[PDB]
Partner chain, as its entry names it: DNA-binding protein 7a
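Take a look at this single chain, the form deposited without its partner chain, given in structure tokens.
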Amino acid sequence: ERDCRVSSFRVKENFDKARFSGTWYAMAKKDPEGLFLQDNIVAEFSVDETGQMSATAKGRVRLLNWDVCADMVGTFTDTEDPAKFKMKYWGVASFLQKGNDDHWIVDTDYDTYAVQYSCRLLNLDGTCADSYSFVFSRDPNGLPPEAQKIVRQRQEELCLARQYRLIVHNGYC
């Protein structure tokens, strides 16, 4: 039986903030409870001179049967693992969803694909009770087959492979 304990999940060895910087298009998402980012999700990652990673995102978001284009902001606090962060986030608009989630770079090759994961709440057996995950691509037209195959493996390793939906980019925002 597969190990689905969050503590067991491998993440990106020697994660490199600088190489990860720039534009990432969300191709797929596994939603948490009370999902927020809906579609047209585009992220912009940056790293400052002190070495701190941060990001912005734009996308159609769920407010209520009410969705809207929103700009989000995230700042990442380092942990002992170079691929595991604490992400403080908020909307440019006061009323938008704000919070602090774990933010793991599960895998990336920096120039093609990235797999992100967050467990918001653990089960008592160490599995995740409430998770989300994004698959990003540098190219909004999607991953090449080699990357697609690696990503599928990573999705399976997170015990999430059956639970993603595709994210469309159709110029809405």
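For clarity, a rigid core is taken as the largest C-alpha set superposing within 1.5 Å between two forms. Numbering follows the first chain given and starts at 1.
In what follows, reference is made to the form solved in complex with its partner chain, a form of this protein that is not presented.
*Asks:* Counting any heavy atom within 4.5 Å as contact, can you tell me which stretch out of 23-31, 140-148, 54-62, 119-127 lines its partner chain in the entry with it bound?
*Replies:* Careful reading of the contacts points to 54-62.
*Asks:* Taking heavy atoms only, is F45 within 4.5 angstroms of its partner chain in the entry with it bound?
*Replies:* Result no; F45 lies far from its partner chain in the entry with it bound.
*Asks:* Find out whether any non-hydrogen atom of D101 is located within 4.5 angstroms of its partner chain in the entry with it bound, and reply yes or no.
*Replies:* No, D101 is distant from the partner.
*Asks:* According to a 4.5 angstroms non-hydrogen atom cut-off, is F36 in contact with its partner chain in the entry with it bound?
*Replies:* Flag for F36 set to yes.
*Asks:* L96 versus its partner chain, in the entry with it bound: is there a non-hydrogen atom within 4.5 Å?
*Replies:* Output for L96 is yes: heavy atoms within 4.5 Å of its partner chain.
*Asks:* Can you tell me which bits of 62-82 touch its partner chain in the entry with it bound, meaning any heavy atom within 4.5 Å?
*Replies:* In sequence order, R62, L63, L64, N65, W66, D67, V68, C69, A70, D71 come within 4.5 Å of the partner.
*Asks:* Taking the rigid core as the frame, does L96 move its C-alpha by 2 Å or more between the shown form and the other one?
*Replies:* After core superposition, the C-alpha of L96 moves 2 Å or more between the shown form and the other one.
*Asks:* Comparing against this form, do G59 and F95 have their CA atoms pulled together or pushed apart in the entry with it bound? The difference is 3 Å or more.
*Replies:* So the answer is closer.
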